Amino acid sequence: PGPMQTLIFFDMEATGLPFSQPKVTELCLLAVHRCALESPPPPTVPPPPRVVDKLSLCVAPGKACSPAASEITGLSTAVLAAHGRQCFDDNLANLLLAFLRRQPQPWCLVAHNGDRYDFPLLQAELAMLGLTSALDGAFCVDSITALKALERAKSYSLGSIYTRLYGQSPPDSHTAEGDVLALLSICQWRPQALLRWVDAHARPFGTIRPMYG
């Protein structure tokens, strides 16, 4: 496995915490080519690359959001149904894959605390559709682990890292797209160091076990 050709920054919102077997309510993928981070007065926050692919979607979960999640995310099952949202079905999996197929391979998903939430949860959704092997060619990285390594070479939530790095809070927190753009900014802090950490720790996604599947 060589250098990752595309970094796909990734975040989801869901009906609750892992023990509740949550269902996806919102997702965002932002695919960035390696050269945007290998060869990017100066601003405090790095400007996102001009050439990006972005996909943001709301998802009808099969059940009610927990009250705490509705409060944090601004999404509820009833409102999603009012906007006619469809559930996490086969067409959505085909959509995700068609988006990824626009990106040079190898792919590396990047998600904040991904190993405990975003990655198992996506794998659960795909597993329930029998598409457990649809992302087997992909790689993934947890940006909390990466940022710990980069910083040491204290809270590590997305908000705390952003503010510690950039001295201000990111806009539109606790949305899938807002948290993805914030994550992009954090990873653009020392982009070279991050690319070398990703290349050395890119984990096959097929080894991510479903959260509840």
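Start at 1 and count along the sequence shown; that's the residue number.
- The stretch of deposited sequence separating residue 40 from residue 41 contains 4 to 9 residues lacking coordinates in this entry.
- Per the record, residue 153 and residue 154 are separated by 4 to 9 deposited residues that are missing from the model.
- As recorded in the PDB entry, 128 to 136 is the stretch of 128 to 136 and 100 to 108 with the greater mean C-alpha temperature factor.
- Mean CA B-factor, 113 to 121 versus 82 to 90: the higher value falls on 82 to 90.
- Per-chain ranking of the deposited C-alpha B factor places residue 190 in the highest third.
- Residue 201: CA B factor lies in the highest third for its chain, per the PDB record.
- Per the PDB record, residue ranking by Cα B-factor puts residue 62 in the highest third of the chain.
- Per-chain ranking of the deposited C-alpha B factor places residue 4 in the middle third.
- In the PDB entry, a CA B factor belonging to the highest third of its chain's modelled residues is recorded for residue 145.
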